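Engineer: Could you have a look at this structure, given as structure tokens, before my questions?
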Amino acid sequence: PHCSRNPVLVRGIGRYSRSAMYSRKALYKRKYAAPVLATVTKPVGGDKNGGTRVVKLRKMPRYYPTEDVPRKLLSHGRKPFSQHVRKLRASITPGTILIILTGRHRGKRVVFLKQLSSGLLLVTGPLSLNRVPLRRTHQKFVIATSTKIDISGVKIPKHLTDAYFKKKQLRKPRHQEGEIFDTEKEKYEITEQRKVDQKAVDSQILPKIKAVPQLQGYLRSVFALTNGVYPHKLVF
Amino acid sequence: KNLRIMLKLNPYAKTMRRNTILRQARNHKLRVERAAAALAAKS
Amino acid sequence: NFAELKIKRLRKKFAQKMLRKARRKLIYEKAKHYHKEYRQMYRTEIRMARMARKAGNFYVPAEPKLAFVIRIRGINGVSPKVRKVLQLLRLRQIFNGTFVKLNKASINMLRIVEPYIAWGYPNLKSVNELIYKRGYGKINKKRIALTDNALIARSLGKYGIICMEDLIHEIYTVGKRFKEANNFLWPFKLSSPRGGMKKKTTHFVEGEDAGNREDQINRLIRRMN
Amino acid sequence: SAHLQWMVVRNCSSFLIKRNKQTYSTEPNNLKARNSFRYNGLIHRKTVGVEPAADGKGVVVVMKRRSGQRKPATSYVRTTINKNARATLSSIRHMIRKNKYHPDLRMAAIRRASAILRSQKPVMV
Amino acid sequence: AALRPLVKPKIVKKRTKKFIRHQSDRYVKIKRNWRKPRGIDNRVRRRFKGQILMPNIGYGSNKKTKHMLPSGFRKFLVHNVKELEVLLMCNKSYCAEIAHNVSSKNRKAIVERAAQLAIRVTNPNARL
Amino acid sequence: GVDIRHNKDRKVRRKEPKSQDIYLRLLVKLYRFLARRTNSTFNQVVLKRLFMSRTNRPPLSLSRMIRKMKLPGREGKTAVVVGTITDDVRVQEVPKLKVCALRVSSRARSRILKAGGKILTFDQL
RNA sequence: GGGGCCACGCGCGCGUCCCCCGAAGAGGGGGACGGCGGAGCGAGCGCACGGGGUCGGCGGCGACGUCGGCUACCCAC
RNA sequence: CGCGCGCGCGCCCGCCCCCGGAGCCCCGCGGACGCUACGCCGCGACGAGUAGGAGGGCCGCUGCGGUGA
Ligand SMILES: [Mg+2]
Ligand SMILES: [Mg+2]
Ligand SMILES: [Mg+2]
Ligand SMILES: [Mg+2]
Ligand SMILES: [Mg+2]
Ligand SMILES: [Mg+2]
Ligand SMILES: [Mg+2]
Ligand SMILES: [Mg+2]
Ligand SMILES: [Mg+2]
């Protein structure tokens, strides 16, 4: 299996024509002139009395509805979410500093590690300073500043995934009757594995931060707007 | 605007479209390096 | 005796795949010829005048063969003689348009309905943008979109016209089979000018839109389409 | 003939119902109970019908005898069958298909039967 | 719990109010029922701005959902069990509604059977 | 807007017979199918004349028929009418014919069959 | 050994013709063309996607004084 | 005119069942979830209105004949 011998020039067009690709992949010297209900097909079995038996798979229905619904027609390119192409704005690069502006950890300044395989960003506004841990965040509910540091030398573990930053609730074994149904401890409690992860990272992030002077107060402060500060004027 | 719906009708336009790109890029290359040559010859 | 029939159908599919591959090769090549045609007809004009400006002469180029026509005034307060001439040209509604060929018969008609129209001497790009984008066919006294060449050929291939480019050739070069190609087309339904007009009640010498605005018609088409 | 009977019975009939922009028919042996040529028991030389047992267990099937018409007393055959709802449908499917008795009524029969058997249980606990 | 119909497309109604007759706000001999005006000097007829609006066919409603309740079902009126059993097969498109003149002792019967056959009733608790 | 006129955009032909004679309507069911599913125009014509009214279906006389079929070439060929056949007592020599029509008078019926002729209907046609 | 050809399968011819070995023609290379022999040959996968009108094999929050309810009672603008 | 042109199976010669069901978009065995044919489906263009003319009214009021076990 050879990777494609036709390069790309623009999406949907290649750099070569028919006659040339013919010659490259050598379609010359590659000429191939190559030119009663009795049959019980799948089901089988064996048992005791009267001889043997032939058991029949995928048995027929019991109950038919009174009215059914027809099928759909076909379409081209309606992929699912696990198959899309992920994009990213240009002003976001590993080490950049970003302003959160929607949630509970609102209006804080944090640090960007990388982008996962779902379009969501991994953020550590290091817990000592901002009181903000490893989280997932959306690239569009955030601002990127023009203020940066060098992070290339750093070890992010493999096991850190969208499957790991997942919520876990909605338990079916319930009475289904009473003043209940958010009562299985009602609360969130922290594992140790998270702690271990936060420590092992900020150990090697944080020294790089202190190589910049005054970079801590910027990461303990909080952003806001005031009188005479119009945001389209101010560059970030 | 749509490549295929154009070319279902007129197939030759894929070739005319493949041309007019390679030509531009080649023409871009010459001006830049040559204008660079004189500029470096200025200073 | 079933296998004989199966083989008979599987053969007979050859009749259709081979024909289609042939025809798609046909359409390719003609367009490649037409490419060469249009260049020569462009550069040839230039070559003449340079050859003539070298001497002290001049060059009176040919006169145009076809025209594009738009209607700009409505249907309210109009004369009988003029209501007739428009509905021969198939302009029964505002901002519709049709091509037309030029001779003593046509030109006098255009002088009669001068104040209500705006016409010009178009180029090749405008013919492309009209027909592909906003260009439909008249078929069985219905209005049907040009999505594929089956429609064109089936109704119009007895003239040697089997695709879009063959029209455009037949139109741009006013050919022998112009009448049929145009009357196949429904009159183009356009949108109002993006950017605005100066004053529709006057001629295009007094700051208006009416009359002949020969080469500047194309500037306008960019904004209606 | 059938169409002749029909062209009288479109609009005027005692089994006819017309209210609320709907139109139903209540003649015996009418599957889907609508006013139609394809679905009407009194019109054809071949018809099939399905009803519930009077004792209150199983399904009653009805088929016409084709030989002596115009004597309605002994024109209809009946059977009552009471099994586990997969044997019951399969039995029906075999009657119609293997005898070619009006085979454009197959699934209509089945849906009517299943409806009955679904009802003919403790639908309430 | 509640019997689900087969499909539940969204419903859209071009007009939601009613059309009142003209000059019915002044007077009491005049009613709310639409009667078309036919005078010469009249301005609803002549369609000025800021006036009553007259019903035409463009307000007309889509046909996939016409006479369709908010619950997806269409309606049907009964008087006894006999004409109820005709709905067995259309038990997911149409619903039942019992008349006003039926007695208490018989409503119980009809409900008891509609519940078996899975035929929804749009007024199951009236007299009691 | 569009400067056109709507005074002549409905056409004033028939689409169906205005009567409730049911035997007529079954004939109409038939010839629509043949007109819809065949490559002929004979079918078209007949369909158009079964809609017509009765002053557009005047009676044909046994006399004219003989004159029009004794002409050369029209030997052995069927005669077809969309109305009534009367008798003309001013004719004595009635030869062999193969007529098709809707109605046929009684005196005319006898003479035609007594020459060895034959009478058909549109069904058997 | 320049960039470019919807060029193409090669074995001896089906041909009008021609550059040349060759006398106008046959034989040799091919070309312009028609084209089809004295050859032309045809399965299994996939991207499909700028292809005959949208799907998510993607999610979160919320509960005896709160949720929904155009239409229909009042008031304001 | 190269998505069939002679493909396959036993032993060139022969077989050449084949949908009471092939295999995926044409099956010339019969059929729509549609077939109240006074029905169902699909395309494309149009919609001002006095006097006035026509049609459809499962809009309505009182009574007669049949019919809703
Ligand atoms: Mg005016
Ligand atoms: Mg603007
Ligand atoms: Mg102005
Ligand atoms: Mg004026
Ligand atoms: Mg309303
Ligand atoms: Mg007036
Ligand atoms: Mg009018
Ligand atoms: Mg008229
Ligand atoms: Mg009107």
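These residue numbers are counts, starting from 1, taken along the chain as shown.
Heads up, the Cβ atoms here are built off N, Cα and C, so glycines get one too.
The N6-acetyllysine feature in Swiss-Prot is assigned to C:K101. Feature annotation from Swiss-Prot assigns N6-succinyllysine to C:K104. Annotated phosphotyrosine per Swiss-Prot: C:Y116, in sequence order.
Could you tell me the structural context for the features on the list?
Structural biologist: Its Cβ taken as reference, C:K101 (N6-acetyllysine) is surrounded by 16 other Cβ atoms within 10 Å in the chains shown.
Counting every protein chain shown, the number of other Cβ atoms lying within 10 Å of the Cβ of C:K104 (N6-succinyllysine) is 6.
Counting every protein chain shown, 19 other Cβ atoms lie within 10 Å of the Cβ of C:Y116 (phosphotyrosine). When secondary structure is read from DSSP and collapsed to three states, C:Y116 (phosphotyrosine) falls in the helix class.
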Engineer: Could you find out if DSSP has C:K101 (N6-acetyllysine) as helix, strand or coil?
Structural biologist: strand
Engineer: Measuring Cα to Cα, tell me the gap between C:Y116 (phosphotyrosine) and C:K104 (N6-succinyllysine) in whole angstrom.
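Structural biologist: Pair distance, Cα basis, whole Å: 20 Å.
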